[PDB]
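*Asks:* how would this look folded up:
(chains A and B)
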Amino acid sequence: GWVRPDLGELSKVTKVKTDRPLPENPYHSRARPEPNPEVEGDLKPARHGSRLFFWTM
Amino acid sequence: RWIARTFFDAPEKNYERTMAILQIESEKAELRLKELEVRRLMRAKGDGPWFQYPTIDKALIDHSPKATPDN
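*Replies:* Numbering: from 1, shown residues only, chains lettered A, B, ... in the order given. Dropping the coordinates below:
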């Protein structure tokens, strides 16, 4: 027997079952950066202006 | 009577006016010392919004399945 597969032998990415559970957190898989809080909330005009050596509004 | 009433303003008006200017520039000075404190602290902590130097973006890492051998 053994019909020859020819040009259709491969590619066609194969689907396969395995009993072993997939590895989680593969390789090192360290802790997260603890990201920085994003800016939120309605903001109104600034207070009294440039605040500089002078120049109010 | 004539001079005072037509040409001048009561010690009331001037007085409380100075109360207001002292409000204004008071809280300004305070909040200036605040921002110097903040920006002073930010270079050390790097927490908040002001000082951010962008790293390389994770958007493109190409998570795709690759040539199998490893990595």
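*Asks:* which residues of chain A lie near chain B?
*Replies:* A:36-37, A:39, A:47-48, A:51, A:56 (Cβ under 8 Å from any Cβ of the partner chain). Any C-beta I mention is one placed from the backbone N, CA and C, and that applies to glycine too.
*Asks:* between the residues you listed, which is closest to residue B:61?
*Replies:* Set against residue B:61, the nearest of the residues of chain A next to chain B by Cβ to Cβ is residue A:36 (20.6 Å).
*Asks:* now that closest one. Nearest residue, chain neighbours left out?
*Replies:* Closest residue to residue A:36 apart from its sequence neighbours, by Cβ to Cβ, 6 or more residues apart in numbering or on different chains: residue B:47 at 6.2 Å.
*Asks:* re earlier: could you dump the residues of chain A next to chain B into a markdown table and include neighbour count, secondary structure and distance to residue A:1?
*Replies:* Compiled in a markdown table, those are given as follows (neighbours: other Cβ atoms under 10 Å in any protein chain shown; DSSP: H, G, I helix; E, B strand; the rest coil; distance: Cβ to Cβ, whole Å):
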| residue | neighbour count | secondary structure | distance to residue A:1 |
| --- | --- | --- | --- |
| A:36 | 11 | coil | 65 |
| A:37 | 8 | coil | 67 |
| A:39 | 8 | coil | 70 |
| A:47 | 10 | coil | 88 |
| A:48 | 14 | coil | 91 |
| A:51 | 15 | coil | 89 |
| A:56 | 12 | coil | 95 |
